[PDB]
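Quick note: the first sequence uses the entry's author numbering, first residue 1, plus one each step.
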Amino acid sequence: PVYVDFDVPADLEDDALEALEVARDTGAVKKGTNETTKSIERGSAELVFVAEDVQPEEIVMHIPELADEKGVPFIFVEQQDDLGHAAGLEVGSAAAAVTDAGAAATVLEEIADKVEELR
RNA sequence: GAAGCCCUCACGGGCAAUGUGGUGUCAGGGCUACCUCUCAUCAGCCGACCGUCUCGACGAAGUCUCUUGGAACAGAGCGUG
Ligand SMILES: [Mg+2]
């Protein structure tokens, strides 16, 4: 909400999550805000996911701007538990980072484009 | 970075990426490359002596003489541990 500056259409979110699932199987993904943060910092991040139902918002507030000054692309997900499930967790997750896609580097790269365009 | 914890005989359930658990805590630590090594620390097993306080068992040698007296545990005499 305070860290969310644009709205992601339901359909776009689906493609993104789908991509994430194939990312855990084919490529590599980091689950958890701390682990995600280090990707953006270490630059190993290609696409980071951030839930919008996070409370306290503090836990994620930094993701956006941090990602911006690191060139890393990021997309918003409405449900915290969907991102967790999509990441392959039995629990939810406030943030995830696709650290080098897998059999999705295409669809992924394009999701990043759609978002950049979503302003 | 799920390698973790709680309940339950089990099955099963619950917690946990908003981080369980590993590492680590100024002889600073981590990371990378090395040297040597462990006897530090931490976790868990076992598990007292002595002392002190109280309680209890066992535990030596006269119940002799005369006098006074209601009564000798007194006086005088003899004897014992
Ligand atoms: Mg520890």
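The beta-carbon is built from N, C-alpha and C at its ideal position, and this holds for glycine as well.
Check                                                                                                                                                                : Outcome
Suppose you measure from the CA of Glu117 to the CA of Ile40; what does that come to, to the nearest Å?                                                              : 21 Å
State the Cα-Cα distance for the pair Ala95 and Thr36, rounded to the nearest angstrom.                                                                              : 7 Å
Using 8 Å for Cβ pairs, my map puts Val60 next to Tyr3. What's the rounded Cβ distance?                                                                              : 6 Å
Spatial neighbours of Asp100 within its chain, please: CB distance less than 8 Å, with the 5 preceding and 5 following residues excluded, ordered by chain position. : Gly27, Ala28, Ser44, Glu46
Please classify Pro9 as buried or exposed, where buried requires at least 16 other C-beta atoms within 10 Å of its C-beta.                                           : exposed
Mind checking which residues open and close the beta strand (DSSP E) that includes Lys30?                                                                            : 29-31
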